[PDB]
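Student: Below is a structure I'd like to ask you about.
Chains as they are written, first to last, in the authors' numbering: chain E, 1 to 38; chain A, 1 to 38; chain B, 1 to 38; chain D, 1 to 38; chain C, 1 to 38.
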């Protein structure tokens with residue numbers, strides 16, 4: 001009922017989650033941009 | 001009155017919040033850039 | 001004197017702080033790039 | 001068995017981990033883009 | 001010997017650290033890209 005259950009397994013979620021997004025932006029941009037320019 | 005109430009529900013806010021921004025930058029840039037180039 | 005005072009109000013700082021930066025990069029880049037290309 | 005073991009060494013993982021990604025996006029994009037444009 | 005020493009001063013490291021990187025990517029990209037295009 002009380003708060004403070006787990007944090008170790010939580011902080012890992014955001015860390016790995018941001019990696020997936022930060023990759024999509026650099027890879028997706030390169031594909032769309034490279035196709036337009038070239 | 002004392003601090004330390006909840007952290008689990010907090011760390012999730014930033015995680016999901018950054019996802020929305022990191023997406024807007026890659027999608028918004030692609031739209032404006034692709035239109036200019038093409 | 002002892003550590004562990006507040007974390008809830010802290011984690012919110014980085015969350016909102018990153019939003020301001022991630023916006024400047026997408027908006028600033030679009031302005032400089034769009035002007036050069038167009 | 002109980003939760004809450006370590007957080008100091010954890011928060012450092014994401015901090016340093018994001019640095020490696022945020023660098024790959026700016027360096028990788030510059031290489032692919034600069035080659036196409038030039 | 002036991003864990004849990006400080007977190008307030010830690011969470012601030014990543015917050016300020018990411019700012020320095022997120023700036024280098026937008027400023028470095030603008031310099032290299034603007035020079036190539038223009």
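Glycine is no exception: its CB is placed at the ideal position from the N, C-alpha and C atoms.
Look at the Cβ atom of residue 30 of chain B, then the Cβ atom of residue 21 of chain A, and state whether they are nearer than 8 Å.
Tutor: Mapped onto the third chain, residue 30 of chain B falls at position 30. Mapped onto the second chain, residue 21 of chain A falls at position 21. Going by C-beta atoms, residue 30 of chain B is not nearer than 8 Å to residue 21 of chain A.
Student: When you compare the CB positions of residue 11 of chain A and residue 11 of chain B, do they come within less than 8 Å of one another, or not?
Tutor: As a working note, residue 11 of chain A is residue 11 in the second chain. As a working note, residue 11 of chain B is residue 11 in the third chain. Cβ distance < 8 Å, so residue 11 of chain A and residue 11 of chain B count as in contact.
Student: DSSP three-state label for residue 5 of chain A, please.
Tutor: Here residue 5 of chain A refers to the residue found at position 5 when the second chain is read from its first residue. If DSSP states are grouped into helix, strand and coil, residue 5 of chain A belongs with coil.
Student: Kindly list, in the order they appear in chain E, the residues whose Cβ is closer than 9 Å to that of residue 28 of chain A.
Tutor: On the second chain, position 28 is the one that residue 28 of chain A refers to. Ordered by position in chain E, no residue passes the 9 Å Cβ test against residue 28 of chain A, which lies about 11 Å from the chain.
Student: Mind listing which residues of the stretch 3 to 34 of chain E have their C-beta closer than 9 Å to chain D's C-betas, in chain order?
Tutor: Answer set for the stretch 3 to 34 of chain E: 4, 5, 6, 7, 8, 9, 11, 12, 14, 15, 16, 18, 19, 22, 23, 25, 26, 27, 29, 30, 33, 34.
Student: Check whether the Cβ atoms of residue 17 of chain C and residue 15 of chain D lie closer than 8 Å to each other.
Tutor: In the fifth chain, counting from the first residue as 1, residue 17 of chain C sits at position 17. In the fourth chain, counting from the first residue as 1, residue 15 of chain D sits at position 15. Their beta carbons are under 8 Å apart, which means residue 17 of chain C touches residue 15 of chain D by this criterion.
Student: By how many angstroms is the C-alpha of residue 26 of chain B removed from the C-alpha of residue 3 of chain A?
Tutor: If you number the second chain from 1, residue 3 of chain A lands on position 3. If you number the third chain from 1, residue 26 of chain B lands on position 26. So the alpha carbons of these two residues sit roughly 37 Å apart.
Student: Taking 6 Å as the limit between beta carbons, can you name the residues of its chain near residue 37 of chain A, skipping five residues before and five after?
Tutor: As a first step, residue 37 of chain A must be located in the second chain, where it is residue number 37. None.
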